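Take a look at this single chain, the form deposited in one PDB entry, given in structure tokens.
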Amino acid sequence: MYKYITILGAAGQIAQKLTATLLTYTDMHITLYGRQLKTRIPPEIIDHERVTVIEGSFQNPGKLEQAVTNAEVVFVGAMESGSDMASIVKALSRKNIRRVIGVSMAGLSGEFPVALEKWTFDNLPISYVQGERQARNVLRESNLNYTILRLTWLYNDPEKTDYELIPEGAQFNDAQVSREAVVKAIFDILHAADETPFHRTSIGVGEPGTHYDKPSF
């Protein structure tokens, strides 16, 4: 049971959907951190008593530390940069924050089958992939109680909420997953009475039955 969550990268699509879900279905107090949030996130999200908005970048240690002070859990919406992750890990360290859920990309560990892997890496900038590797590495090298969610290709569909969790090392065959399904998985992890399965683990999140060579239309 967590009451106070800080969402880093709060303007991202999954982060905004998570925020709405937490406001609608929990009594959690939410702190949103990111650039220009009061302008980038809509009113139905930030105009709630249980929402606190703090504007700043990951290169703003003062504001970042403010945002995570007394957080019981921290959600990192984007693990795109080694430097940014190091700043995040340092801020958490200084504020004695232990629990972190972060979103990364599936495929970095060679877990996709051949066709899906080739399509994936021909459709992402190299710099994006490299930054994701570095961010992952920084978090894994920390002493945080982290859960990394390795997401396959994202799309939006309110009717598609099914997910499965793919353990580290297992072949990851799902070519897509909806952002709504990922949000349900995050919600479910936040509500896990026994956190053991998520303690310093890296878990794939995919839509069951999407064993394709590339994501669908």
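Start at 1 and count along the sequence shown; that's the residue number.
One more form of this protein should be noted, the form solved in complex with a small molecule, which is absent from this view; the next part is about it.
Peer 1: Taking the shortest heavy atom distance, is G56 within 4.5 Å of the small molecule in the deposited complex?
Peer 2: Contact with the small molecule, yes.
Peer 1: Report whether the minimum heavy atom distance between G82 and the small molecule in the deposited complex is within 4.5 Å.
Peer 2: No.
Peer 1: My question is simply whether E111 lines the interface with the small molecule in the deposited complex - judged by any non-hydrogen atom within 4.5 Å.
Peer 2: Taking the distances in the deposited complex, the answer for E111 is no, it never comes within 4.5 Å of the small molecule.
Peer 1: Using a 4.5 Å heavy atom cut-off, state whether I166 contacts the small molecule in the deposited complex.
Peer 2: So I166 does not count as contacting the small molecule.
Peer 1: Counting any non-hydrogen atom inside 4.5 Å, which residue from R40, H48, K160, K63 sits next to the small molecule in the deposited complex?
Peer 2: Selected residue: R40.
Peer 1: Among 187 to 195, 152 to 160, 65 to 73, 23 to 31, mark the stretch whose residues have heavy atoms within 4.5 Å of the small molecule in the deposited complex.
Peer 2: Among the listed stretches, the partner-contacting one is 152 to 160.
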